[PDB]
Amino acid sequence: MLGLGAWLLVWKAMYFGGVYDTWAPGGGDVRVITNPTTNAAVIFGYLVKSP
Amino acid sequence: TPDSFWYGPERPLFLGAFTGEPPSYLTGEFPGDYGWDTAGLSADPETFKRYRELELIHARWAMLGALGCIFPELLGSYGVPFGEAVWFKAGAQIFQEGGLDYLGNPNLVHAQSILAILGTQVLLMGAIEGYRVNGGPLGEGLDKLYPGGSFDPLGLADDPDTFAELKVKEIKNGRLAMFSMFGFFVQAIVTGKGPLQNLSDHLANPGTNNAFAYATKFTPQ
Amino acid sequence: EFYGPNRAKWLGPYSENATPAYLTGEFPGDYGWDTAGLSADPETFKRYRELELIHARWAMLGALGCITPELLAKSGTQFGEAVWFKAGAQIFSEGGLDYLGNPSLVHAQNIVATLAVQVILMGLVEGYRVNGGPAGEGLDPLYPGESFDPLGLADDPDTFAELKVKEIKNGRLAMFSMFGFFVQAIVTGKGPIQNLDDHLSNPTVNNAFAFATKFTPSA
Amino acid sequence: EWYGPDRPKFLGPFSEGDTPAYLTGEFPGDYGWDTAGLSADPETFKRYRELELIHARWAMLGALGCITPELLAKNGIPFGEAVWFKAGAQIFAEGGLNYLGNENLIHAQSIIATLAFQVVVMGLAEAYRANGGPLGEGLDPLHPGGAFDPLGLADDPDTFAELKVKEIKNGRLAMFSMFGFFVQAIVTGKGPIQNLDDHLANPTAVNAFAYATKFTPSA
Amino acid sequence: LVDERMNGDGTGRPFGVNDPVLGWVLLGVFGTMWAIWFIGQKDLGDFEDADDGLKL
Amino acid sequence: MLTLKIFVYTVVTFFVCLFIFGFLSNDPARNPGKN
Amino acid sequence: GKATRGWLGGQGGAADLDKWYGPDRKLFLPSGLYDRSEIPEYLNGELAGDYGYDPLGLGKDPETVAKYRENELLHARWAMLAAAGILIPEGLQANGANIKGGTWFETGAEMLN
Ligand code: CHL
Ligand code: CHL
Ligand code: CHL
Ligand code: CHL
Ligand SMILES: CCCCCCCCCCCCCCCCCC(=O)OC[C@H](CO[C@@H]1O[C@H](CO[C@H]2O[C@H](CO)[C@H](O)[C@H](O)[C@H]2O)[C@H](O)[C@H](O)[C@H]1O)OC(=O)CCCCCCCCCCCCCCCCC
Ligand code: CLA
Ligand code: CLA
Ligand SMILES: CC1=C[C@H](O)CC(C)(C)[C@H]1/C=C/C(C)=C/C=C/C(C)=C/C=C/C=C(C)/C=C/C=C(C)/C=C/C1=C(C)C[C@H](O)CC1(C)C
């Protein structure tokens, strides 16, 4: 139920208009995320990083 | 035979619930009996014994082979200055000019002659495979494939239930390696790289570094 | 014939003494040929018949399946790939994999999803064949019966013991022919109907001896 | 010696601790090496002796015919490229395939003639080897004698039982040497006498380990 | 470059390891303490059972 | 300083592993209560 | 007679008839809104689709209900083909298979003269 609930944010960012991306060029803007970074070495690098 | 979950009629089977009943000669008292002899190579009990030393020695070489092929390759990626870290390119280290320096260290073994390596391999491997058949100073009349005694120094195969349990672990760790050491051969003919170099590329992009990117490699041309 | 002593045999008339004892002639396709002596054990000889028939039935679907995407190319129907061995690599194509020249068909795109559905579907039907399934449990492992024979052809057991001999002889022809298709494509590189047209063009010059010096050691 | 339970064996002193009970010493060539257990069935072990002996006889014919066109090549006999693993392509030369060097010899151009002649000759001849026929019928399938022993050598049954062991030992290393010749042609790509000339030129440098890195997979 | 340093505080290297000897130090100490625990598991009760915890 | 950093990692992961493999060793039955 | 086998597991046959028939069976409301005394007595668990759902008392006795089963079952089976008959040509119209009139309501207008 919260595995599926995580996908709603994923589907809304790749299909349903996207989300507000404040790193857009020339001020922040809503961008549809097309190429999500899914590399395990990139994703799991945050978890075992020092705080 | 006790209730040991691996020996006897309640043993697990190689297709799960869809197996039904094993063959009539695989009655479940030997290690790793999941009841898979569909082609029936071993219906003769004289012949069925002959595949079990044929399987277990293949296991006891492949488990050394699975660790042995990656462990110099793994340390080679962390700065140990090997000649070659890749297992199928490490045999040709005798032809380079520095000789086969063990661990990449010139003050170790420093082998030069490929004939001298092979000349002393046969004179030793003949004797100890000769001792494995019979005789030898470490035990005269013992089992052909669980000798024990001087080949179990730490004494951890004494209880007949634990020792019957660890035989199941030996063959399953073995059959994991023989299947995997078969994998090293095919994904070195196909991919041409070291086996962890195949692994570190599949972790890079799993959708595109799978085996289907090499599917059109052997097109008839 | 095809059963008992005076059946047909693998050397014809010159075959009365090479026939072993255990190949009596009450099984289908029993021409009495065990030159390698492999089936002297009836517990083992039962198992190879399980393997031979299944290899026979997959080859009959393998023979016709490797032919019809090339015969329909001769009727001008565009496929993207009509050769049987180059046929699998067109899920990597830009249009993907359409079942004929129709992008309104299956329109396959992802190889890994096509394989993963196969592992569940073929994995469960091959398990039904062993132990049992929805279409029956306690049946003959090779000639199960009623849900796979709806048309009632497995009646009048003299006909039924004769249709088996039709099945294996057509089947052994297919396994032999499929061993053709691999070799004639791994040597030439072209399709079977295309290599049939190459031979019917000029038979004296287009044979395997035209490729006989191919695999020589060039060292 | 050579028979009974005191024959020499395939590991010598170590061999007595594991020898199969179904191997006794009643057949020629028993050195007690069936560690894979393939011939435990006495019916299959009847067949594997027949497969072994025929393979040896084509090997003894084979191994002698692979080097006689090369020893004559160094004794000044005019051949057209007499090296055994590429002498089959001599029929596509423009002069046919003359036997020694001479056109008034065999002079064969159409291989379709010499092929279809062979399969009819070898068809009946191999059929007569199993069933019998014009050179005797009721004879031993391995050693018929009579029509194939004209010179009376298969008498004195204490000598005939030792010429079998000379028949199979001479036969076995011929099988081991044709498995030689195959691989030494695949890897190197030259005749075995040319290999034997090159090993004697420098045995330390020119041996098989010079070709050890040939099949490394470049990808 | 008046001196030599780690230069590894803002780098965000995983677990703080930068030399691969540290990974073997992280793992080799872990496997040894695991090995002593796994052997000595024979004394800690055998709860291979349907339900055998500190239940209530 | 690398010689010191490889020593702290041996010290910490020794005591961290006595912790983790200590509580696994049937600590909830190391009580004076009876049943 | 038909010794069969279950799909996933190792036992075939009926899963449970008591889940759908008899007194204890699924209803159009759960137990807290609708006990077993509010069941109309011409609906007992002996036909399929018996969820007891009948607020408007159209049926009276099971003989009258049985001829509406003829109206229920026949309206069902003609509708089940219609759902495939409507959706399937429209998707093939959408992907590229030229039906020229795959959409269901204006199908007859495509074939007039
Ligand atoms: C134990 C089995 C064994 C295997 C599988 C190999 C395999 C190899 N050796 Mg090696 N060796 C083995 C033992 C020994 N070698 C050597 C000495 C050398 C040298 C000097 C060289 C090699 C080289 C090679 C490689 C050839 C490249 C290749 O095949 O392409 C890729 C294809 C594959 C890896 C598939 C191979 C699988 C194999 C054909 C099937 C496995 C079953 C075998 C038939 C079993 C063989 C055991 C037999 C002899 C009892 C290859 C990995 C060459 C090399 O280094 O390559 C760059 C080389 O120069 N070996 C010695 C000391 C005498 C050995 C001792 O037993
Ligand atoms: C009396 C004549 C007669 C003869 C000689 C044979 C002979 C044969 N029948 Mg039989 N039959 C005969 C009558 C009859 N057969 C049958 C029904 C059958 C069946 C159903 C079958 C046979 C089969 C066989 C074959 C079994 C042995 C084999 O496989 O050889 C194989 C070995 C060779 C032929 C020799 C090697 C091949 C080649 C000639 C050598 C040439 C080398 C190459 C040019 C290059 C080499 C490649 C290198 C370079 C890599 C053999 C060809 C079996 C078969 O078809 O096997 C495929 C089989 O299934 N027969 C009937 C109907 C009752 C007959 C009626 O009279
Ligand atoms: C007392 C010592 C003694 C030893 C060690 C042997 C050993 C052997 N004899 Mg025996 N014999 C011995 C005494 C005697 N033999 C005989 C008579 C015979 C005969 C007639 C025969 C044998 C054969 C054999 C072989 C059978 C085992 C085998 O198949 O090896 C399998 C295991 C290996 C070969 C291990 C591999 C070793 C090598 C280092 C491999 C190198 C690896 C490669 C470099 C790389 C791999 C390549 C990759 C790339 C694919 C074996 C070499 C048989 C034979 O010749 O088979 C060929 C055979 O026919 N012997 C007599 C006269 C009575 C003996 C006197 O005592
Ligand atoms: C990833 C890209 C992809 C897309 C966009 C499609 C879409 C399509 N597939 Mg294909 N497929 C795709 C890949 C694959 N398909 C299949 C296996 C099948 C089968 C068995 C069938 C299709 C069918 C269809 C067509 C629907 C026909 C219709 O009009 O609706 C009629 C159907 C409905 C109105 C109900 C279904 C609605 C929906 C369109 C689902 C159909 C699509 C696929 C089942 C998978 C879903 C893909 C996603 C990305 C849309 C349509 C072209 C159907 C067909 O061939 O009809 C001619 C069909 O029977 N596909 C596999 C192997 C698992 C694929 C993997 O790459
Ligand atoms: C930059 C990168 C840096 C990387 C740093 C590395 C970080 C790694 C983080 C890992 C964190 C995991 C921590 C939790 C582990 C929990 C283990 C556990 O609860 O464990 C509980 C289970 C218990 O297992 C069971 O233990 C039982 C014990 O029985 C025994 O005891 C019973 C009663 O106790 C009976 O008496 C019985 O007779 C007797 O045999 C049986 O053996 C069962 O078969 C068996 O399943 O253990 C198991 O399954 C364990 C299964 C997993 C094991 C993992 C091992 C990993 C090793 C990695 C390589 C190390 C190399 C070491 C080299 C050493 C030398 C240098
Ligand atoms: C089936 C087993 C097997 C086989 C055949 C091989 C085969 C090989 N390995 Mg591998 N290996 C294996 C398993 C195997 N490996 C396993 C399981 C491990 C993990 C421990 C390793 C780890 C390993 C390393 C780390 C290296 C090899 C290397 C090699 C190659 C040469 C071996 C050598 O130099 O021996 C010589 C080794 C010995 C004779 C034993 C070790 C002796 C050391 C030097 C200590 C010396 C003893 C003492 C102090 C000195 C004697 C007294 C003196 C002063 C008089 C060869 C390709 C080398 C290579 O280049 O491959 C890439 C290499 O560097 N192997
Ligand atoms: C945590 C949630 C939860 C759980 C575990 C239960 C469990 C149960 N309820 Mg209770 N109930 C709930 C929520 C829950 N209910 C809510 C929110 C309501 C208000 C509508 C009710 C009202 C209710 C009544 C009035 C009755 C029950 C009854 C029952 C019993 C099962 C019979 C039945 O099918 O339910 C009946 C209820 C339904 C069938 C409601 C439909 C459920 C829909 C179809 C599922 C939608 C799931 C969807 C993913 C959620 C959307 C996501 C998000 C909003 C969370 C069972 C004890 C019955 C009982 O105990 O008998 C005495 C009964 O009479 N429930
Ligand atoms: C009898 C006897 C006797 C004596 O004693 C001994 C001896 C001699 C040994 C024996 C013999 C034997 C033999 C000859 C065998 C053979 C077999 C075979 C060949 C099989 C095949 C078999 C074959 C087979 C199955 C095949 C199959 C196939 C298939 C499915 C296919 C598929 C496909 C298709 C559709 C198309 C696409 O695009 C692709 C693919 C995928 C490609």
# chains A, B, ... in the order shown; residues from 1 in each chain; ligands from 1
>>> residues_around(residues="residue 26 (chain F)", least_positions_apart="2", cutoff="10 Å", atoms="only C-alpha atoms", output="compact mmCIF listing (two decimals) with N, CA, C and O atoms, in the first residue's frame")
# COMPACT_ATOMS: atom_id res chain seq x y z
N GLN E 41 26.62 -20.09 18.12
CA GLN E 41 25.17 -20.15 18.07
C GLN E 41 24.62 -21.46 18.63
O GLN E 41 23.44 -21.54 18.97
N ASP E 43 25.08 -22.73 21.50
CA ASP E 43 24.78 -22.62 22.91
C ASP E 43 23.57 -21.74 23.19
O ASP E 43 23.03 -21.78 24.29
N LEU E 44 23.14 -20.95 22.21
CA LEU E 44 22.16 -19.90 22.41
C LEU E 44 20.73 -20.39 22.24
O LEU E 44 19.86 -19.60 21.88
N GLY E 45 20.48 -21.67 22.46
CA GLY E 45 19.15 -22.20 22.25
C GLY E 45 18.88 -22.50 20.79
O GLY E 45 19.48 -21.89 19.90
N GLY E 53 9.70 -17.35 20.77
CA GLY E 53 10.37 -16.14 21.22
C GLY E 53 10.09 -15.85 22.67
O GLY E 53 9.69 -16.71 23.46
N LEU E 54 10.33 -14.59 23.05
CA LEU E 54 9.94 -14.10 24.36
C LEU E 54 8.53 -13.54 24.21
O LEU E 54 8.30 -12.34 24.15
N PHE F 21 26.14 -8.27 17.42
CA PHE F 21 26.13 -9.70 17.69
C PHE F 21 26.02 -10.02 19.17
O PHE F 21 26.04 -11.20 19.54
N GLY F 22 25.91 -9.03 20.03
CA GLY F 22 25.69 -9.29 21.43
C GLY F 22 24.22 -9.37 21.73
O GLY F 22 23.78 -10.25 22.48
N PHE F 23 23.44 -8.46 21.16
CA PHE F 23 22.00 -8.48 21.40
C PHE F 23 21.30 -9.60 20.65
O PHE F 23 20.20 -9.97 21.03
N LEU F 24 21.92 -10.13 19.60
CA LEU F 24 21.33 -11.27 18.92
C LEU F 24 21.45 -12.55 19.73
O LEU F 24 20.67 -13.48 19.52
N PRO F 28 16.95 -11.51 25.32
CA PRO F 28 15.67 -11.51 26.05
C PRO F 28 15.41 -12.72 26.93
O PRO F 28 14.40 -12.73 27.64
N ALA F 29 16.27 -13.73 26.92
CA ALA F 29 16.20 -14.79 27.91
C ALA F 29 17.27 -14.66 28.98
O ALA F 29 17.42 -15.57 29.80
N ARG F 30 18.02 -13.57 28.99
CA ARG F 30 19.00 -13.31 30.03
C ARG F 30 18.37 -12.41 31.10
O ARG F 30 18.79 -11.29 31.33
>>> residues_near_ligand(ligand="ligand 1", cutoff="8 Å", atoms="only C-alpha atoms and all ligand atoms", output="count of residues only")
28
>>> residues_near_ligand(ligand="ligand 3", cutoff="7 Å", atoms="only C-alpha atoms and all ligand atoms", output="PDB file with C-alpha atoms, in the first residue's frame")
ATOM      1  CA  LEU B 118      54.378 -28.666 -15.922  1.00  0.00           C
ATOM      2  CA  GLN B 121      52.826 -30.597 -11.722  1.00  0.00           C
ATOM      3  CA  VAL B 122      52.541 -34.078 -13.218  1.00  0.00           C
ATOM      4  CA  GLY B 126      50.071 -38.054 -10.340  1.00  0.00           C
ATOM      5  CA  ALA B 127      50.994 -39.044  -6.810  1.00  0.00           C
ATOM      6  CA  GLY B 130      47.203 -41.747  -7.106  1.00  0.00           C
TER       7      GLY B 130
ATOM      8  CA  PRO D   8      48.738 -55.012 -15.770  1.00  0.00           C
ATOM      9  CA  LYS D   9      46.487 -52.036 -15.166  1.00  0.00           C
ATOM     10  CA  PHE D  10      46.184 -48.391 -16.090  1.00  0.00           C
ATOM     11  CA  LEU D  11      47.672 -46.852 -12.947  1.00  0.00           C
ATOM     12  CA  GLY D  12      50.081 -49.622 -11.976  1.00  0.00           C
ATOM     13  CA  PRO D  13      50.601 -49.781  -8.223  1.00  0.00           C
ATOM     14  CA  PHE D  14      47.789 -47.374  -7.440  1.00  0.00           C
ATOM     15  CA  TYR D  31      43.620 -52.547 -18.089  1.00  0.00           C
TER      16      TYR D  31
END
>>> residues_around(residues="residue 111 (chain B)", least_positions_apart="5", cutoff="9 Å", atoms="only C-alpha atoms", output="ChimeraX atom specification")
/B:94,98-102,116-117
>>> residues_near_ligand(ligand="ligand 2", cutoff="10 Å", atoms="only C-alpha atoms and all ligand atoms", output="JSON, numbers by chain")
{"C": [2, 7, 8, 9, 10, 11, 12, 13, 14, 15, 29, 30, 31, 32, 33, 34, 35, 169, 172, 173, 176, 208, 209, 212, 213, 215, 216], "D": [85, 88, 115, 116, 118, 119, 120, 121, 122, 123, 124, 125, 126, 127, 128]}
>>> write_last_selection(atoms="N, CA and C atoms", output="compact mmCIF listing (two decimals), in the first residue's frame")
# COMPACT_ATOMS: atom_id res chain seq x y z
N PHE C 2 4.96 -53.10 -39.19
CA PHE C 2 5.36 -52.12 -38.17
C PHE C 2 5.24 -52.64 -36.74
N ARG C 7 8.01 -56.77 -39.03
CA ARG C 7 7.95 -55.33 -39.21
C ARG C 7 9.04 -54.86 -40.18
N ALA C 8 8.92 -53.61 -40.58
CA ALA C 8 9.98 -52.96 -41.33
C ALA C 8 11.16 -52.68 -40.40
N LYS C 9 12.38 -52.77 -40.95
CA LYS C 9 13.57 -52.59 -40.14
C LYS C 9 14.59 -51.73 -40.87
N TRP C 10 15.60 -51.28 -40.12
CA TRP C 10 16.47 -50.18 -40.50
C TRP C 10 17.53 -50.56 -41.52
N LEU C 11 17.69 -51.84 -41.82
CA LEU C 11 18.51 -52.25 -42.96
C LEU C 11 17.68 -52.99 -43.99
N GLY C 12 16.36 -52.91 -43.90
CA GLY C 12 15.47 -53.58 -44.81
C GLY C 12 15.55 -55.08 -44.67
N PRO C 13 15.82 -55.76 -45.78
CA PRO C 13 15.95 -57.23 -45.72
C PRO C 13 17.20 -57.68 -45.02
N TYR C 14 18.22 -56.85 -44.96
CA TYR C 14 19.51 -57.24 -44.40
C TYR C 14 19.60 -56.87 -42.92
N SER C 15 18.57 -57.24 -42.16
CA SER C 15 18.43 -56.72 -40.81
C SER C 15 17.91 -57.75 -39.81
N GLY C 29 7.60 -46.93 -33.86
CA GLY C 29 8.88 -46.56 -34.43
C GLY C 29 10.01 -47.51 -34.13
N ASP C 30 9.70 -48.74 -33.72
CA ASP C 30 10.70 -49.68 -33.23
C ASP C 30 11.29 -50.40 -34.43
N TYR C 31 12.32 -49.81 -35.03
CA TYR C 31 13.00 -50.45 -36.14
C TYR C 31 14.19 -51.29 -35.72
N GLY C 32 14.46 -51.39 -34.42
CA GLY C 32 15.50 -52.26 -33.93
C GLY C 32 16.90 -51.79 -34.24
N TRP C 33 17.21 -50.55 -33.87
CA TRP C 33 18.51 -49.94 -34.16
C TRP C 33 19.09 -49.34 -32.89
N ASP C 34 19.93 -50.13 -32.23
CA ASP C 34 20.66 -49.71 -31.04
C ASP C 34 22.12 -50.12 -31.21
N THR C 35 22.72 -49.67 -32.32
CA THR C 35 24.12 -49.92 -32.61
C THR C 35 25.04 -49.46 -31.48
N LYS C 169 7.16 -41.29 -37.25
CA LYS C 169 7.88 -41.28 -38.52
C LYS C 169 7.88 -39.90 -39.14
N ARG C 172 10.45 -38.16 -36.61
CA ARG C 172 11.86 -38.43 -36.86
C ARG C 172 12.33 -37.78 -38.15
N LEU C 173 11.42 -37.58 -39.10
CA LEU C 173 11.75 -36.82 -40.30
C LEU C 173 11.97 -35.36 -39.96
N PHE C 176 15.42 -34.78 -38.06
CA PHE C 176 16.48 -34.86 -39.06
C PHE C 176 16.51 -33.61 -39.92
N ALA C 208 26.99 -28.71 -51.26
CA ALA C 208 27.84 -28.48 -50.10
C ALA C 208 29.31 -28.51 -50.45
N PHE C 209 29.69 -29.14 -51.57
CA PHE C 209 31.08 -29.14 -51.98
C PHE C 209 31.54 -27.77 -52.46
N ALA C 212 32.96 -26.65 -49.27
CA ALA C 212 33.70 -27.70 -48.59
C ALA C 212 35.03 -27.20 -48.05
N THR C 213 35.66 -26.25 -48.73
CA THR C 213 36.94 -25.71 -48.30
C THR C 213 36.78 -24.49 -47.40
N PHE C 215 35.85 -24.25 -43.93
CA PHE C 215 36.26 -24.33 -42.54
C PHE C 215 37.68 -24.81 -42.36
N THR C 216 38.53 -24.63 -43.36
CA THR C 216 39.91 -25.07 -43.27
C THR C 216 40.68 -24.23 -42.26
N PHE D 85 44.90 -32.81 -44.44
CA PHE D 85 43.70 -32.08 -44.08
C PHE D 85 43.31 -31.04 -45.12
N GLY D 88 41.67 -33.10 -49.75
CA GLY D 88 40.35 -33.35 -50.31
C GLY D 88 39.95 -32.33 -51.35
N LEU D 115 31.53 -40.21 -55.14
CA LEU D 115 30.80 -40.25 -53.88
C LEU D 115 29.71 -41.31 -53.92
N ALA D 116 28.85 -41.26 -54.93
CA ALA D 116 27.72 -42.18 -55.00
C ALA D 116 28.17 -43.61 -55.26
N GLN D 118 30.81 -44.79 -53.73
CA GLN D 118 31.31 -45.22 -52.43
C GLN D 118 30.19 -45.68 -51.51
N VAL D 119 29.10 -44.91 -51.46
CA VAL D 119 28.00 -45.21 -50.56
C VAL D 119 27.25 -46.47 -50.97
N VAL D 120 27.35 -46.89 -52.23
CA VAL D 120 26.75 -48.17 -52.60
C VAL D 120 27.70 -49.31 -52.26
N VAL D 121 29.00 -49.10 -52.49
CA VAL D 121 30.01 -50.06 -52.07
C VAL D 121 30.02 -50.21 -50.56
N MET D 122 30.21 -49.10 -49.84
CA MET D 122 30.25 -49.15 -48.39
C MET D 122 28.89 -49.43 -47.78
N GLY D 123 27.81 -49.23 -48.53
CA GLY D 123 26.50 -49.58 -48.01
C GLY D 123 26.34 -51.07 -47.82
N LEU D 124 26.64 -51.84 -48.86
CA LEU D 124 26.53 -53.29 -48.76
C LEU D 124 27.64 -53.88 -47.91
N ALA D 125 28.82 -53.26 -47.92
CA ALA D 125 29.95 -53.82 -47.19
C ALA D 125 29.79 -53.64 -45.69
N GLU D 126 29.30 -52.48 -45.26
CA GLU D 126 28.99 -52.30 -43.85
C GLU D 126 27.73 -53.07 -43.46
N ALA D 127 26.81 -53.29 -44.40
CA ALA D 127 25.65 -54.13 -44.10
C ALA D 127 26.05 -55.58 -43.95
N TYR D 128 27.03 -56.03 -44.72
CA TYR D 128 27.48 -57.40 -44.61
C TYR D 128 28.34 -57.63 -43.37
>>> residues_near_ligand(ligand="ligand 6", cutoff="7 Å", atoms="only C-alpha atoms and all ligand atoms", output="tab-separated table (two decimals) with N, CA and C atoms, in the first residue's frame")
chain	number	residue	atom	x	y	z
B	61	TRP	N	36.61	-29.31	-7.20
B	61	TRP	CA	37.48	-28.47	-8.01
B	61	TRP	C	36.83	-27.17	-8.42
B	64	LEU	N	36.96	-24.47	-5.62
B	64	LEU	CA	38.25	-23.80	-5.67
B	64	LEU	C	38.35	-22.93	-6.90
B	65	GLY	N	37.72	-23.34	-7.99
B	65	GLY	CA	37.83	-22.59	-9.22
B	65	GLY	C	37.02	-21.31	-9.21
B	67	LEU	N	36.25	-19.40	-6.48
B	67	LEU	CA	36.98	-18.42	-5.68
B	67	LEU	C	38.31	-18.08	-6.34
B	68	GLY	N	38.96	-19.05	-6.96
B	68	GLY	CA	40.28	-18.82	-7.51
B	68	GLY	C	40.30	-17.93	-8.73
B	69	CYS	N	39.20	-17.87	-9.47
B	69	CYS	CA	39.19	-17.06	-10.68
B	69	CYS	C	38.91	-15.59	-10.42
B	71	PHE	N	39.39	-13.94	-7.15
B	71	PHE	CA	40.09	-13.34	-6.02
B	71	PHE	C	41.38	-12.63	-6.43
B	72	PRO	N	42.20	-13.12	-7.38
B	72	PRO	CA	43.23	-12.22	-7.92
B	72	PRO	C	42.67	-11.14	-8.80
B	82	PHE	N	49.27	-6.98	-10.35
B	82	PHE	CA	49.36	-8.23	-11.09
B	82	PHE	C	49.85	-7.99	-12.51
B	83	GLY	N	50.33	-9.06	-13.13
B	83	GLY	CA	50.62	-9.02	-14.55
B	83	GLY	C	49.32	-8.94	-15.32
B	84	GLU	N	48.44	-9.90	-15.05
B	84	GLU	CA	47.07	-9.89	-15.54
B	84	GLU	C	46.17	-10.36	-14.41
B	85	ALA	N	45.04	-9.68	-14.24
B	85	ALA	CA	44.09	-10.05	-13.20
B	85	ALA	C	43.00	-10.96	-13.73
B	87	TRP	N	41.19	-14.00	-15.31
B	87	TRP	CA	41.57	-15.39	-15.09
B	87	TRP	C	41.97	-16.09	-16.38
B	90	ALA	N	45.51	-14.90	-17.44
B	90	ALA	CA	46.57	-15.02	-16.44
B	90	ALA	C	47.48	-16.20	-16.69
B	91	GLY	N	47.07	-17.15	-17.53
B	91	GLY	CA	47.95	-18.26	-17.84
B	91	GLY	C	49.15	-17.85	-18.67
B	100	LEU	N	56.55	-15.12	-13.97
B	100	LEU	CA	55.30	-15.09	-13.21
B	100	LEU	C	55.67	-14.75	-11.78
B	101	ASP	N	55.61	-13.47	-11.46
B	101	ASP	CA	55.81	-13.01	-10.10
B	101	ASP	C	54.50	-13.16	-9.34
B	102	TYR	N	54.53	-13.91	-8.25
B	102	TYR	CA	53.34	-14.13	-7.46
B	102	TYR	C	52.97	-12.86	-6.72
B	103	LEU	N	51.67	-12.54	-6.72
B	103	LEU	CA	51.08	-11.30	-6.22
B	103	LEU	C	51.63	-10.06	-6.91
B	104	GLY	N	52.23	-10.20	-8.08
B	104	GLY	CA	52.95	-9.10	-8.68
B	104	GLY	C	54.21	-8.71	-7.96
B	108	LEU	N	58.91	-12.85	-4.77
B	108	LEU	CA	58.20	-14.11	-4.59
B	108	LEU	C	58.59	-15.05	-5.73
B	109	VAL	N	57.78	-16.08	-5.98
B	109	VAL	CA	58.04	-17.33	-6.71
B	109	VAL	C	58.93	-17.23	-7.94
